[PDB]
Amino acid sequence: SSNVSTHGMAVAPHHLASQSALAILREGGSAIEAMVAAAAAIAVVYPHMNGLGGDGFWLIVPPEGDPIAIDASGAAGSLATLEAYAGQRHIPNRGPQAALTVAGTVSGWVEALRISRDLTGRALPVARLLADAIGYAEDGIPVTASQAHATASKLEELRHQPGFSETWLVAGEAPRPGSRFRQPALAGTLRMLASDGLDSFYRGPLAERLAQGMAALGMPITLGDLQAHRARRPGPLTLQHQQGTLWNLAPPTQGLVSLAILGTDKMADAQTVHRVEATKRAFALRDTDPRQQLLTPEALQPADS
């Protein structure tokens, strides 16, 4: 059954992240600042699936206006040239050469927060938004089973990578589910973000500490790459249907097919999966390169099949 409330609501893959967002709300914070606190909490608690070392994506629906999208994904490094990957038939999956694009989420947090200061009239201290994330790093998390499983099932391949064993292993194996697991390094990083500010990740002391680390490692990324990087703000792909408007963050090449499926839209039981037939006729509608809002009932009614 469905949890129902009256003031605020956070849904997250881990209950500790849900509560980090929820506290910010109860403390007078906005849904965005509550989301940012969660992005940092879920980074400590599910480090194998996401974290400060990756990209982030926002779709924001204000009470009245149009939706706001944030593409917080980083670009390849300035050293990542077509030559540097020789006669290799692909870019490696692990190692310093696979860590070739910039990490965007933190730029998503910095941008969303500036949005949340425009929309709200207020804003909470950054040191408050990261508080839970910091303490779960120094003082530990309950090891999830999927963190233990992912670590075990990748142990032989990632065992030797720079920083892996020192950071993810315990006595050189995968940590036991239900055990207390610390990240003393990640806490100094999060404490730097709180003192210096989120943008220091790309333009402050932490950015320069990240630069040296990339150099020492042989990573195709420079300090210039970080400093030059902002979260993007594309327009959401918008679908009009009989019951209203629906948005997806995706470029027109990748998201046309998914949204067209829904535009389906006389359906009020096994027919339900079959009427999949819409998806067949939908990929067809895509067929240059990654080449727009045709997704109109004036355009999908030929469906009539």
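Start at 1 with the first residue shown and count on from there.
Unmodelled deposited residues between residue 302 and residue 303: 1 to 3, per the record.
Missing coordinates between residue 263 and residue 264 amount to 1 to 3 residues of the deposited sequence. Look at the mean CA B-factor for 276-284 and for 244-252 in the entry; the higher one is 276-284. Once the C-alpha B-factors are averaged per stretch, 85-93 and 201-209 rank with 85-93 first. Each of 68, 36, 44, 268 has a CA temperature factor in the record; the biggest one is found at 268. Of the residues listed, 171, 127, 145, 99, the entry assigns the biggest Cα temperature factor to 127. Residue 239: CA B factor in the highest third of modelled residues in this chain (values from the PDB entry). Placement of the Cα temperature factor of residue 229 within the chain: middle third of the modelled residues, per the deposited record. Sorting the modelled residues of the chain by their CA temperature factor places residue 24 in the middle third. Sort the chain's modelled residues by C-alpha temperature factor and residue 49 lands in the middle third, per the entry. Compared with the other modelled residues of the chain, the Cα B-factor recorded for residue 122 ranks in the highest third.
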